[PDB]
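What follows is one structure encoded as structure tokens, with my remarks underneath.
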Protein chains: 4
Amino acid sequence: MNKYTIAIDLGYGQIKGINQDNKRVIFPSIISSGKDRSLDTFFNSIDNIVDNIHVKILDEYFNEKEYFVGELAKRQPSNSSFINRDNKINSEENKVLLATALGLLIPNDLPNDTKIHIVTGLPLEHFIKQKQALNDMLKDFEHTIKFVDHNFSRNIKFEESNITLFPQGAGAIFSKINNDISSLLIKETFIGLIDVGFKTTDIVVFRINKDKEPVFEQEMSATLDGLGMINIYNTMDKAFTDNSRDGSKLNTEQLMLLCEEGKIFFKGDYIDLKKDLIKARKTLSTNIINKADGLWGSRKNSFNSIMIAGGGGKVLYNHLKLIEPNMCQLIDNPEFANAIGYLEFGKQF
Amino acid sequence: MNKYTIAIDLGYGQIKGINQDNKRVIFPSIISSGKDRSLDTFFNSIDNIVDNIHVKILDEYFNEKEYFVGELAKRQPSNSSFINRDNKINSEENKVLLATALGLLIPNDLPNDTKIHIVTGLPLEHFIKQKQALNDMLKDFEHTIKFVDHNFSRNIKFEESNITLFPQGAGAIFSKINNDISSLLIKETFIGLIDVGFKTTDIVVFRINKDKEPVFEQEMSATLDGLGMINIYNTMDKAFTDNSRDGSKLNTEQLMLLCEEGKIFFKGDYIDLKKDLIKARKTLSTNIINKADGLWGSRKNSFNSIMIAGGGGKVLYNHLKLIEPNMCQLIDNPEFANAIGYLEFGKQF
Amino acid sequence: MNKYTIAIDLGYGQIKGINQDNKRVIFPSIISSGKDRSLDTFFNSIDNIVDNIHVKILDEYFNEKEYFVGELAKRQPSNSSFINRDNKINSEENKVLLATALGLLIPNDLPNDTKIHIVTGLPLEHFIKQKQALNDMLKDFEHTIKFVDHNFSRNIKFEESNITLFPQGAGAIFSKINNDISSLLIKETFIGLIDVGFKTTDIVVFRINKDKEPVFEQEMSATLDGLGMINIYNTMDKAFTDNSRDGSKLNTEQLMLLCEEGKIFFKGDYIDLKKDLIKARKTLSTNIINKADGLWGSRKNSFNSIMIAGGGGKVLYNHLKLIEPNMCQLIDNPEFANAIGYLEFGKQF
Amino acid sequence: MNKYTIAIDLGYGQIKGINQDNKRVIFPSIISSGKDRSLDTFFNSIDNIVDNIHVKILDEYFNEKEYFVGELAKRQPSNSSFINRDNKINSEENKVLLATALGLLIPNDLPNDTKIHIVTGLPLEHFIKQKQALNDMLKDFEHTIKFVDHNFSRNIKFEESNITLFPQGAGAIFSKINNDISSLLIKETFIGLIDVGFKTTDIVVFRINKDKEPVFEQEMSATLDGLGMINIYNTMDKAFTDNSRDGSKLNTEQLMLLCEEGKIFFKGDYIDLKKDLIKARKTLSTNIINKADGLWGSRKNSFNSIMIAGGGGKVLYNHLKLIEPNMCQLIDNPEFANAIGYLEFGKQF
Ligand SMILES: Nc1ncnc2c1ncn2[C@@H]1O[C@H](COP(=O)(O)OP(=O)(O)O)[C@@H](O)[C@H]1O
Ligand SMILES: Nc1ncnc2c1ncn2[C@@H]1O[C@H](COP(=O)(O)OP(=O)(O)O)[C@@H](O)[C@H]1O
Ligand SMILES: Nc1ncnc2c1ncn2[C@@H]1O[C@H](COP(=O)(O)OP(=O)(O)O)[C@@H](O)[C@H]1O
Ligand SMILES: Nc1ncnc2c1ncn2[C@@H]1O[C@H](COP(=O)(O)OP(=O)(O)O)[C@@H](O)[C@H]1O
Ligand SMILES: [Mg+2]
Ligand SMILES: [Mg+2]
Ligand SMILES: [Mg+2]
Ligand SMILES: [Mg+2]
């Protein structure tokens, strides 16, 4: 047979991905130490493997460690703090999250003719800026996974001509909608793509030519580092200490429980910040419009399609609608548009 | 040895050039600053070198200033003005346009005893006026051009008796038709050449003598200063602001996009002004018919053929037909009539 | 700084060189003084500059010394001795011969700051011994060349980061077959490269690993000093005194003229030594294979392709076929095998 | 809008083409340089445009060359020598011939929003192997044609989903008889189709199923590369030189004239080679039957219809009948068997 293909996302909110065979996984970017589980196995059945990933990671050097990752690390109070996780792409913590989705997307008993073409990504301004460290790490990568409670290993090792990078959401509109939007693109019109993530937020536009082929705008597209969904979590934390006034702080779970709900269950009571929830949501999306028109002068008048994506874009649709109503819309998977955009435009390989 | 020859046109609509190979280049007269390009190479194509002219310029102090020019400069929001770009031929803006067309037309590794001829143009009412300023500038020219992201370079330095100054429209019908009009001309008549330039329209006529040689008449031929395609850009500019009723000013790109077609795209929908485009073209056509008859009394009634040139000569031909029907016609290259007219008449030396 | 590239050789029989632009020269390594060529100038057209290298050479103390070098010096009776030539890489001979092919391959129209990466060579066994002396010499190099009878000159000076030092036969099969022998190299084999030069004979092998990467074996690879084409010229010279039966002896030009053909025209008639030319070339070919197997035991069975290099192997290929038939083969440019190998593997910088 | 349909063929013998309107053209696959035809215009009236295709074809950079092509090229002594047409599918020989019939088969003044489906083919073994080689060449096809002496231009540029790819001889029976031979096809037999091409004769078989539908066999069907009418031109070329006994060689035009007649005229005489023409036609027909039954065991008895095609099939039908009498019939248009088969099966899209 031929060599296999995997597209995953290294997004700091939740690690996303979808393979060649349209199996997809998603889990928050939280890791923890792993400890052996037989007791809770007896009480509650682990029905979703992704729900309860306890994982061991092998190496030739014999430096294996058990890890709780994702949802199983989210229940941990001893997990990663996640509000200040470092953006070192070559870090050992990023090795845990990346090696997690590998065996999840590799089906059981693939032959040796199959070799995994990984397709991952960088931020837009960090694409050229942070290319070589991840190029070094994926060249460096040589491990073997071990699933606790499911008991099947995957030797994971990558040569060159098996790795592929693209910028964040590059093929999300260069592919995956580009056959669909051929009805809408006509002549010299900018289509708009916005990806609202946790740490960072990217807005990317493609100029089409007279020949109806898209071309990239590096001066009409940039990376909004420091503007993202993490600012809502940083605001709603400070609003909770404004609402509790004890000095008490939510943990890593209750903070991430808040900005989906707005009504935290604290001291047996619903400490409410519903007004401060919506105000922080109109805070962030308005701060995007200034950064949108910071790259968009009179050229906003030539737009024909505004698309938004990202998990933040799911919960800021009407908040970010005021860029251009009756034109802005929502992509089918706001979160998975990076990975499928890495998939379909990765199907050049 | 002999010296290689490149003919270029410094017309303000678009810069047009050709060398001894008959290799021809053409690009608009729009410049912008040079910005680093590594990201856009990963997205789209570079192979259209005319489309992507990022270019280093070494100066007499040999200090780099990068520039965008033409189509790459046209997509910039901070490009040159181009609607009131300076008419000074000694401008550093013109230093960008002059060296750029040379770099695409100097072949790789010419012989060392071969040097460079250049044949340029001046406006017909400005050739006596603006002769020695460009004669100073062409002799002062010592620069080194470096194509960014195509990566080949030329050190270009001229001396005296290498440059050649003719008026604009001098050799377009002196040469370039002399081998073809010999079956056309009869005796003691005039031929018609009207070069519809962008800012100024050039009108030139030749008397043929008894020996069937073109002799020039400066009293029946002059420059239409201020009359040209730049009036159509000014006319349809008001036509879009009056149709939008918003103060909606087009940029440099949309304005050239408008008067090419008349169907501008504006905020999700088209603003169609195809009707007023005919009215602006009938205006400029009438602006040439009446100014022709000032130079042409009943001496017009002794013509054999009328050719028209310029890029604006291409778009007017149906409404500029009514100067003289069944005698007016179009030259074979309305854009390249100047530079090829500079070329063969530059081969007199 | 788009720095230029020129790859040269220091071959005793002749100098082989090529630039970045794949312009290549070849000329014998024979020097003489320079004398005023104006008399022959009116007689015969001095057209081939490579045939007619009368060259003016300055130094740091501006001491101009004209030299006949190459083909014209070979025509001179008072030439370089060249069959007992000193092997000092820092010789004035090598100062001229290295500076010879520089200006013959330094192109026209170079930028002001742009330097040239020079790639050179050493004998393989002496690459440890003589690394300092050429690095002493290339750092020393500060001169100015000038070309008599072709009316152009070049500046010539280099520093470090422009120098590049790979041995003879190193990059010839490392690169230049790199993506072509990759389909031939499979697992745990050796590839054979033998340079049959004039004075020296090189043997170099490369173990390819499991990972399809060549690795070097210094103990299956050696420089056979004292074996080469210089034996055949010295053998047939005494044979010329034999078959002439008079004690008469050739000159240095007839020395290289003989064993290219074997039928020297002497005293109004040919002198036939064609039998001994077949004898000596088979005799040297016997001495190559035996000393090849001096480094090659049963590891000759671990070969998959043998290539030969140098000017001698081109005319020895029928008699050098006996190493391993249909596994041994001839490289396409037997002279320029080191040169292009110096080129692309010298293009790492 | 609605898109037109033109079916062409890239046959090395002669180009065969038809449109949606059944207006069909045929001309030999020979090109030559073009020269100014006005002297012959006055003597003989140019009526047949296909006889007299002098043509000039622009690129997208205003480079174009004069070309005689076809019968007009067969009158030229320095034309495409027709034994050495370029086997690269992206050759300029292919480029001019492809645009030739497309200039001839697009009627005048079609709407610009109405495109044209082009339907092509490849030899059967070379179809999938060279599919993307043609697929990029069809997308690269961007030209503008100009006919000398008839003076009507066509703009010619098509992308993907404007093209159509089915092999040589595939749709010849998969359409145009597949909905007509249903009285003859019953169950589990094989229909026979042999396209006798110039270079390559194709053998293709369709099995019919239980459900009275054709299914393809690839082990009973093959391309005979090097078997075709090109053997006869090569054979009789020796036969003329063996009968002349002088070394007098026929030209390209006398070659094709020979193996249509067998009686060339030569220096006041007919050099009779009719017997050698009998020798070639029985030999080639025997060679086709042998390679047919190489692919065919006792499944030759499982036949019900044997059709043949090609221009060679037009001139070998008696000798090629001897596979099976009363079953070896001839198709309607032996040249245009691919053409209408490309047309009607191209009407599926
Ligand atoms: N149902 C939801 N309710 C509230 N917030 C959500 C929801 N789904 C996703 N999010 C937010 O979106 C973020 C996920 O963004 P994502 O598309 O993964 O971007 P990145 O690639 O930067 O991780 C999460 O941090 C979360 O706060
Ligand atoms: N296809 C076209 N459609 C509309 N306008 C055109 C077209 N081609 C050229 N032009 C017009 O012609 C002008 C080019 O004139 P040109 O011959 O370059 O004269 P100049 O020497 O004054 O620059 C442009 O400014 C443009 O408006
Ligand atoms: N056509 C030829 N006929 C005979 N000998 C040749 C021919 N071409 C090259 N040679 C021999 O090859 C030698 C050139 O070897 P070369 O590859 O330059 O090695 P080196 O690097 O040691 O100089 C010359 O001395 C010459 O004797
Ligand atoms: N009337 C004819 N007489 C002799 N040969 C012919 C005649 N018509 C066609 N042919 C032969 O048939 C060939 C044409 O084959 P064709 O069907 O075009 O196949 P291809 O697709 O390979 O070009 C010509 O080369 C020619 O030799
Ligand atoms: Mg993201
Ligand atoms: Mg002009
Ligand atoms: Mg050597
Ligand atoms: Mg055919």
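Residue numbering restarts at 1 in every chain; chains get A, B, ... in the order shown in the structure tokens, and ligands count up from 1 in that same order.
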
Got a sec to check which residues lie within 10 Å of ligand 1, using only C-alpha atoms and all ligand atoms, and send them as JSON, numbers by chain?
{"A": [9, 10, 11, 12, 13, 14, 15, 16, 26, 27, 28, 29, 121, 122, 123, 168, 169, 195, 196, 197, 198, 199, 200, 201, 202, 228, 229, 230, 231, 232, 233, 255, 256, 257, 258, 259, 260, 261, 262, 309, 310, 311, 312, 313, 314, 315, 316, 333, 334, 335, 336, 337, 338, 339]}

So which residues touch residue D:148 within 6 Å, counting only C-alpha atoms, skipping near sequence neighbours fewer than 2 positions away, as a ChimeraX atom specification?
/D:54-55,150-151

Restricted to C-alpha atoms, what would the selected residues look like written as a PDB file, in the first residue's frame?
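Written file, again.pdb:
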```pdb
ATOM      1  CA  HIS D  54      -0.082  29.057 -42.337  1.00  0.00           C
ATOM      2  CA  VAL D  55      -0.532  30.117 -38.752  1.00  0.00           C
ATOM      3  CA  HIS D 150      -7.846  33.614 -43.667  1.00  0.00           C
ATOM      4  CA  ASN D 151      -7.419  35.980 -40.710  1.00  0.00           C
TER       5      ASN D 151
END
```

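Picture a line from atom CA of residue D:77 to atom CA of residue D:274; it runs 25.5 Å.
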
Residues of stretch 144-202 of chain C in strand (DSSP E or B), written as a VMD selection string:
chain C and resid 144 to 147 152 to 157 165 190 to 196 201 to 202

Using N, CA, C and O atoms, can you write the selected residues to a file as a PDB file, in the first residue's frame?
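Result written to out.pdb:
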```
ATOM      1  N   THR C 144      45.877  41.344  -8.319  1.00  0.00           N
ATOM      2  CA  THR C 144      45.057  41.975  -9.348  1.00  0.00           C
ATOM      3  C   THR C 144      45.469  41.406 -10.695  1.00  0.00           C
ATOM      4  O   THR C 144      46.651  41.447 -11.048  1.00  0.00           O
ATOM      5  N   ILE C 145      44.508  40.876 -11.436  1.00  0.00           N
ATOM      6  CA  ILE C 145      44.793  40.246 -12.715  1.00  0.00           C
ATOM      7  C   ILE C 145      44.478  41.243 -13.828  1.00  0.00           C
ATOM      8  O   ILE C 145      43.773  42.234 -13.623  1.00  0.00           O
ATOM      9  N   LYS C 146      45.040  41.000 -15.013  1.00  0.00           N
ATOM     10  CA  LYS C 146      44.750  41.791 -16.201  1.00  0.00           C
ATOM     11  C   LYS C 146      45.019  40.917 -17.415  1.00  0.00           C
ATOM     12  O   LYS C 146      45.973  40.134 -17.416  1.00  0.00           O
ATOM     13  N   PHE C 147      44.190  41.055 -18.444  1.00  0.00           N
ATOM     14  CA  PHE C 147      44.246  40.190 -19.617  1.00  0.00           C
ATOM     15  C   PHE C 147      44.791  40.960 -20.811  1.00  0.00           C
ATOM     16  O   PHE C 147      44.138  41.876 -21.323  1.00  0.00           O
ATOM     17  N   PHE C 152      40.483  43.391 -20.647  1.00  0.00           N
ATOM     18  CA  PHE C 152      39.661  43.451 -19.446  1.00  0.00           C
ATOM     19  C   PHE C 152      40.470  42.907 -18.280  1.00  0.00           C
ATOM     20  O   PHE C 152      41.437  42.168 -18.471  1.00  0.00           O
ATOM     21  N   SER C 153      40.071  43.294 -17.074  1.00  0.00           N
ATOM     22  CA  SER C 153      40.790  42.929 -15.865  1.00  0.00           C
ATOM     23  C   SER C 153      39.794  42.615 -14.756  1.00  0.00           C
ATOM     24  O   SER C 153      38.601  42.914 -14.857  1.00  0.00           O
ATOM     25  N   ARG C 154      40.297  41.986 -13.694  1.00  0.00           N
ATOM     26  CA  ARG C 154      39.495  41.647 -12.526  1.00  0.00           C
ATOM     27  C   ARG C 154      40.288  41.924 -11.260  1.00  0.00           C
ATOM     28  O   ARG C 154      41.514  41.785 -11.242  1.00  0.00           O
ATOM     29  N   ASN C 155      39.580  42.311 -10.205  1.00  0.00           N
ATOM     30  CA  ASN C 155      40.164  42.335  -8.874  1.00  0.00           C
ATOM     31  C   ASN C 155      40.019  40.961  -8.241  1.00  0.00           C
ATOM     32  O   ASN C 155      39.007  40.281  -8.428  1.00  0.00           O
ATOM     33  N   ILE C 156      41.040  40.549  -7.493  1.00  0.00           N
ATOM     34  CA  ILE C 156      41.101  39.201  -6.939  1.00  0.00           C
ATOM     35  C   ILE C 156      41.694  39.240  -5.527  1.00  0.00           C
ATOM     36  O   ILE C 156      42.892  39.491  -5.352  1.00  0.00           O
ATOM     37  N   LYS C 157      40.850  38.996  -4.526  1.00  0.00           N
ATOM     38  CA  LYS C 157      41.248  38.907  -3.127  1.00  0.00           C
ATOM     39  C   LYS C 157      40.136  38.187  -2.382  1.00  0.00           C
ATOM     40  O   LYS C 157      38.956  38.404  -2.671  1.00  0.00           O
ATOM     41  N   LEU C 165      37.080  23.808   1.439  1.00  0.00           N
ATOM     42  CA  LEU C 165      38.165  22.843   1.350  1.00  0.00           C
ATOM     43  C   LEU C 165      37.602  21.433   1.408  1.00  0.00           C
ATOM     44  O   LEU C 165      37.373  20.900   2.498  1.00  0.00           O
ATOM     45  N   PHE C 190      29.104  -0.689  -0.713  1.00  0.00           N
ATOM     46  CA  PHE C 190      30.090   0.333  -1.004  1.00  0.00           C
ATOM     47  C   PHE C 190      29.960   0.745  -2.461  1.00  0.00           C
ATOM     48  O   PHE C 190      29.593  -0.061  -3.320  1.00  0.00           O
ATOM     49  N   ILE C 191      30.269   2.005  -2.738  1.00  0.00           N
ATOM     50  CA  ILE C 191      30.344   2.508  -4.101  1.00  0.00           C
ATOM     51  C   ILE C 191      31.793   2.858  -4.402  1.00  0.00           C
ATOM     52  O   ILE C 191      32.522   3.345  -3.531  1.00  0.00           O
ATOM     53  N   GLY C 192      32.216   2.575  -5.629  1.00  0.00           N
ATOM     54  CA  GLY C 192      33.608   2.743  -5.991  1.00  0.00           C
ATOM     55  C   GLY C 192      33.894   3.990  -6.796  1.00  0.00           C
ATOM     56  O   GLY C 192      33.282   4.216  -7.842  1.00  0.00           O
ATOM     57  N   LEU C 193      34.815   4.818  -6.314  1.00  0.00           N
ATOM     58  CA  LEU C 193      35.294   5.969  -7.064  1.00  0.00           C
ATOM     59  C   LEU C 193      36.812   5.932  -7.096  1.00  0.00           C
ATOM     60  O   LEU C 193      37.459   5.879  -6.044  1.00  0.00           O
ATOM     61  N   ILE C 194      37.376   5.951  -8.299  1.00  0.00           N
ATOM     62  CA  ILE C 194      38.816   5.943  -8.500  1.00  0.00           C
ATOM     63  C   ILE C 194      39.153   7.102  -9.424  1.00  0.00           C
ATOM     64  O   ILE C 194      38.658   7.167 -10.555  1.00  0.00           O
ATOM     65  N   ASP C 195      39.998   8.013  -8.951  1.00  0.00           N
ATOM     66  CA  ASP C 195      40.441   9.147  -9.753  1.00  0.00           C
ATOM     67  C   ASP C 195      41.773   8.794 -10.398  1.00  0.00           C
ATOM     68  O   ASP C 195      42.783   8.632  -9.706  1.00  0.00           O
ATOM     69  N   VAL C 196      41.774   8.669 -11.723  1.00  0.00           N
ATOM     70  CA  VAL C 196      43.001   8.419 -12.470  1.00  0.00           C
ATOM     71  C   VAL C 196      43.439   9.777 -13.004  1.00  0.00           C
ATOM     72  O   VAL C 196      43.030  10.214 -14.081  1.00  0.00           O
ATOM     73  N   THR C 201      46.906   8.936  -8.086  1.00  0.00           N
ATOM     74  CA  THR C 201      45.759   8.059  -8.255  1.00  0.00           C
ATOM     75  C   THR C 201      45.028   7.994  -6.925  1.00  0.00           C
ATOM     76  O   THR C 201      45.636   7.685  -5.897  1.00  0.00           O
ATOM     77  N   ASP C 202      43.737   8.296  -6.941  1.00  0.00           N
ATOM     78  CA  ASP C 202      42.935   8.271  -5.730  1.00  0.00           C
ATOM     79  C   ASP C 202      42.000   7.074  -5.723  1.00  0.00           C
ATOM     80  O   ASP C 202      41.484   6.667  -6.766  1.00  0.00           O
TER      81      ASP C 202
END
```

Residue with smallest distance to residue C:207 - pool C:304, C:120, C:286, C:38, counting only C-alpha atoms:
C:304

For chain D, report every residue with an atom at most 12 Å from chain B (counting only C-alpha atoms), formatted as number ranges by chain.
D: 60-64

Dump as an mmCIF file, in the first residue's frame, selection limited to N, CA and C atoms:
```
data_model
loop_
_atom_site.group_PDB
_atom_site.id
_atom_site.type_symbol
_atom_site.label_atom_id
_atom_site.label_comp_id
_atom_site.auth_asym_id
_atom_site.auth_seq_id
_atom_site.Cartn_x
_atom_site.Cartn_y
_atom_site.Cartn_z
ATOM 1 N N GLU D 60 1.324 33.860 -23.785
ATOM 2 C CA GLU D 60 0.833 34.934 -22.935
ATOM 3 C C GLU D 60 1.855 36.047 -22.746
ATOM 4 N N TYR D 61 2.994 35.985 -23.435
ATOM 5 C CA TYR D 61 4.010 37.026 -23.353
ATOM 6 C C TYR D 61 4.334 37.644 -24.706
ATOM 7 N N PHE D 62 3.405 37.565 -25.669
ATOM 8 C CA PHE D 62 3.530 38.147 -27.014
ATOM 9 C C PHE D 62 4.740 37.604 -27.774
ATOM 10 N N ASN D 63 5.008 36.315 -27.613
ATOM 11 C CA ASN D 63 5.962 35.607 -28.448
ATOM 12 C C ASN D 63 5.199 34.632 -29.330
ATOM 13 N N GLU D 64 5.474 34.684 -30.628
ATOM 14 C CA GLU D 64 4.798 33.814 -31.573
ATOM 15 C C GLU D 64 5.721 33.548 -32.746
#
```
